[PDB]
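Trainee: Mind having a look at this structure? Questions to follow.
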Amino acid sequence: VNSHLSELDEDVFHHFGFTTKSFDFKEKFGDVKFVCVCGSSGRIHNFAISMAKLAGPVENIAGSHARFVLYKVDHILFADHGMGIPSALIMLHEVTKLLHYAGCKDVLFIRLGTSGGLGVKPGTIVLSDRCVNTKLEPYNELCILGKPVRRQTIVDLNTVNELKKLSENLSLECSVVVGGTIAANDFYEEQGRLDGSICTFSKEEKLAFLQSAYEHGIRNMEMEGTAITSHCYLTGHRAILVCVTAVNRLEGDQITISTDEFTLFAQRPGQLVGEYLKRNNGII
Amino acid sequence: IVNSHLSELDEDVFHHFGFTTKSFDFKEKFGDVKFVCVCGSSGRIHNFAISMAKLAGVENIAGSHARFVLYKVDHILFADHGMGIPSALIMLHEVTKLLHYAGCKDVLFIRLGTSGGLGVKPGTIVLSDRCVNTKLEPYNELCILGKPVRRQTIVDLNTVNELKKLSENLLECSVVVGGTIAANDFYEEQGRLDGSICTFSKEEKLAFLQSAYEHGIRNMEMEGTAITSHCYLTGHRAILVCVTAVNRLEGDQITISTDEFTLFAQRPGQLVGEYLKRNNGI
Ligand SMILES: Cc1c[nH]c(=O)[nH]c1=O
Ligand SMILES: Cc1c[nH]c(=O)[nH]c1=O
Numbered sequence: 008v009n010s011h012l013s014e015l016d017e018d019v020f021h022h023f024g025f026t027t028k029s030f031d032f033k034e035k036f037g038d039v040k041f042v043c044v045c046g047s048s049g050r051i052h053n054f055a056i057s058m059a060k061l062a063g067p068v069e070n071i072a073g074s075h076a077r078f079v080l081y082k083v084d085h086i087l088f089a090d091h092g093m094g095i096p097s098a099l100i101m102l103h104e105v106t107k108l109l110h111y112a113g114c115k116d117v118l119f120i121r122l123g124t125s126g127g128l129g130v131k132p133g134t135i136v137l138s139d140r141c142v143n144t145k146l147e148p149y150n151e152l153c154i155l156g157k158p159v160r161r162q163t164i165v166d167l168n169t170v171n172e173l174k175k176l177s178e179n180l181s182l183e184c185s186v187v188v189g190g191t192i193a194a195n196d197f198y199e200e201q202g203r204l205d206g207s208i209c210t211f212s213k214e215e216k217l218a219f220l221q222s223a224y225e226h227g228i229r230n231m232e233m234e235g236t237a238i239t240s241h242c243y244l245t246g247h248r249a250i251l252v253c254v255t256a257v258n259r260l261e262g263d264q265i266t267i268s269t270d271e272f273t274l275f276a277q278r279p280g281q282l283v284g285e286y287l288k289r290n291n292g293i294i
Numbered sequence: 007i008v009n010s011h012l013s014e015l016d017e018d019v020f021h022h023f024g025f026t027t028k029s030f031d032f033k034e035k036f037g038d039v040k041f042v043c044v045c046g047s048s049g050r051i052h053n054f055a056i057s058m059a060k061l062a063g068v069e070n071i072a073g074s075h076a077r078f079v080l081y082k083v084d085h086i087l088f089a090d091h092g093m094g095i096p097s098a099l100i101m102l103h104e105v106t107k108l109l110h111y112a113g114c115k116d117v118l119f120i121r122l123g124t125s126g127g128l129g130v131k132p133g134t135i136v137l138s139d140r141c142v143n144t145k146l147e148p149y150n151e152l153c154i155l156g157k158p159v160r161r162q163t164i165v166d167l168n169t170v171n172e173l174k175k176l177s178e179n180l182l183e184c185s186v187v188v189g190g191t192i193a194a195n196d197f198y199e200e201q202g203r204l205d206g207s208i209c210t211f212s213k214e215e216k217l218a219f220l221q222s223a224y225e226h227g228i229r230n231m232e233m234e235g236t237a238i239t240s241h242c243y244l245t246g247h248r249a250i251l252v253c254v255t256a257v258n259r260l261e262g263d264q265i266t267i268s269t270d271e272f273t274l275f276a277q278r279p280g281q282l283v284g285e286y287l288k289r290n291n292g293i
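Chains as they are written, first to last, in UniProt numbering: chain G, 8 to 63, 67 to 294; chain E, 7 to 63, 68 to 180, 182 to 293.
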């Protein structure tokens, strides 16, 4: 626990647009044991109402001019985190502080994102069994006061296993695969795309990178994994990634699937996790 | 200077903007663009476009379910970039590809963001004369194909000088020209003690922020090094015009009200808007 939080009479959650004085956190959020997050505010809101209908209109808890949205259904908190580790870390710091003030222990963070697939069919759900950087290292890197810091990523494998076994008892119109996940600090160059505004490498060099990743167990590629699975473990919580793929990066770079098909693909992680939450006291 | 792989594509999908090269006639529709104004909020960047439009003589060009928004007022483009370098780089890659397809050359990018101030009053407009990382290095760091890559940051100092002179002829707040730190986190990397995790003392914190100030740093945000390194590499120009919402030499919390934050956040727009008016922006 950060000692300095006690010094504050009031703690302002700038990006969520509320403070500790806005409501009683223990009474408001104390029952929360699941936190579901994704890059889109619209999609996470769409997953939220889905859970609410299963449980029994979901209203935004966050402020009007806030950067992020915040929803609650029974023991589940819903929030968006934008794109990239820095933005995710903003969400992570303020949500985990929220859990602290609320008296929430051993909460499971679940990221429901989209990703580029490696050697898998588009629309495939990938359960990360590890989150690594572009060098396939199981760490998130930070620079604190100008000093280099590394924090190892820890995926909740027991929950991953339960999710995999659940998918076998379900009839989802897609595959559920357990495999590693690369987090990158860019959508184009760092992910080895050839169709960025800048490209300093060849197709051959690209495939050598992606193929090597695939043969190392990597099945998808996104932009927040290493932050989430490092931060939560360090704050006494658990984290998993449940991401659908929108393209097979071993074949292409472009997102060629239609807007409708993408929406349907993006809704697939919610199908699995939503059933998981229903069966694991996420909702009543 | 030009990524050759682009020509190999029959159609280019701007995934995060929700359109393609077959959506419009890029040379015809955007060929005139000489300005691109960006910030982290879609709501704010739209309002600034609305303010520019009324000043000129706004509808979203981006897709309905797209990550970013896109507006165009005369020779100016408007788009959001979310928060942080990776999010900015997504905006930067797809916008600069748009410009490439449109035949736009030597475009000035203008980031109108918010920031934490150093040694300056809250509400101060800081004109970046340099953008550096947390180690005060004028570079953006990337890991491309698992390999370390460094790209130097270059601010359009000529435009910066002109902006300062313009502000002197307009401005209740101060307009300061100083260095700007880009950080990959709002809390720990920015030396805040009020994050969920804190591994340093205030003595080490003060030493860090004070040693930044005396090095000419006046504010701190999260996208600078990305923008001022990417645009130069793509043959374009970039500046940062960011308001401060707190004096980090005094505290970490954003204690000002939402209304006051909104007023502060609209201040860069006020200065930039006039500049654009007097430099054939509208
Ligand atoms: C489809 C996709 C989503 N997010 C990523 O980071 N990469 C991708 O390829
Ligand atoms: C107010 C503020 C905005 N953006 C930042 O990156 N830091 C800050 O302190």
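Every residue gets a Cβ at the ideal spot worked out from N, C-alpha and C, and that includes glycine.
#1: Would you mind reading off the limits of the alpha helix (DSSP H) that contains G:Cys-209?
#2: Taking contact to mean at least 3 C-beta pairs separated by less than 8 angstroms, is the region 270-284 of chain G in contact with the region 140-152 of chain G?
#3: Across which residues does DSSP place G:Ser-125 in a beta bridge pair?
#4: Apart from the five residues on each side of it in sequence, which residues of its chain come closer than 7 angstroms, Cβ to Cβ, to G:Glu-200?
#5: How many angstroms separate the CA atom of G:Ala-237 from the CA atom of E:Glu-34?
#6: Please name the residue, chosen from E:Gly-262, E:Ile-208, E:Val-44, that lies closest to G:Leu-99 on a Cα-to-Cα basis.
#7: Assuming E:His-247 contacts E:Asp-116 under a Cβ cut-off of 8 angstroms, what Cβ separation, rounded to an integer in Å, is found between them?
#8: Three or more C-beta pairs under 8 angstroms: does that hold for the region 100-112 of chain G against the region 217-224 of chain G?
#9: Any heavy atom of ligand 1 closer than 7 angstroms to the CB of G:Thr-266?
#10: For G:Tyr-149, would you say it is in contact with chain E, using Cβ-to-Cβ distances shorter than 8 angstroms as the test?
#11: Just to confirm the assignment, what range does the alpha helix (DSSP H) spanning E:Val-283 have?
#12: Relative to ligand 1, what is the chain-ordered list of residues with a Cβ closer than 6 angstroms to any of its non-hydrogen atoms?
#13: Note down, one range per segment and in chain order, each alpha helix (DSSP H) of at least 4 residues found wholly within the region 166-217 of chain G.
#14: For residue 66 of chain G, is the classification buried or exposed, using 16 other Cβ atoms within 10 angstroms of its Cβ as the cut-off for buried?
#15: In this structure, what does DSSP give as the bridge partners for E:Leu-152?
#16: Alpha carbons only, please: which of E:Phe-32, E:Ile-86, E:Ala-55, E:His-22 is nearest the one belonging to E:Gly-92?
#17: Is the beta carbon of E:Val-187 less than 8 angstroms from the beta carbon of E:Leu-146?
#18: Give me the subset of the region 11-23 of chain E whose CB atoms are less than 9 angstroms from a CB atom of chain G, sorted by chain position.
#19: Terminal residues of the continuous alpha helix (DSSP H) containing E:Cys-242?
#20: Go through its chain and collect everything with a Cβ distance to E:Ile-56's Cβ below 6 angstroms, but skip five positions before and after it.
#21: Kindly indicate the opening and closing residues of the alpha helix (DSSP H) around G:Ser-48.
#22: Please determine whether the Cβ atom of E:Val-186 lies at a distance below 7 angstroms from any heavy atom of ligand 4.
Mentor: This is what the structure gives:
#1: It is not in any alpha helix (DSSP H) - G:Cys-209 carries neither H nor E in the DSSP assignment.
#2: no
#3: G:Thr-255
#4: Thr-144, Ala-194
#5: Using only the alpha carbons, I get a separation of about 42 angstroms.
#6: E:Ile-208
#7: E:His-247 to E:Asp-116, Cβ: 6 angstroms. Contact.
#8: no
#9: G:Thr-266: no, Cβ never under 7 angstroms from ligand 1.
#10: no
#11: From DSSP, the alpha helix (DSSP H) with E:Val-283 extends over 278-289.
#12: G:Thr-124, G:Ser-125, G:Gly-126, G:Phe-197, G:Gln-201, G:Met-231, G:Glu-232, G:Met-233, G:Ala-256, G:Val-257, G:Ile-265
#13: 167-179
#14: Looking at chain G, the numbering goes 63 and then 67, which leaves residue 66 of chain G without any coordinates in this model.
#15: E:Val-159
#16: E:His-22
#17: no
#18: Going along the region 11-23 of chain E in chain order, one finds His-11, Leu-12, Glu-14, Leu-15, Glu-17, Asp-18, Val-19, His-21, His-22 with a Cβ nearer than 9 angstroms to chain G.
#19: 235-244
#20: Short of 6 angstroms from the beta carbon of E:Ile-56, and not among the five residues preceding or following it, lie these beta carbons of its own chain, in chain order: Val-68.
#21: 48-62
#22: What this structure holds is ligand 1 and ligand 2, not ligand 4.
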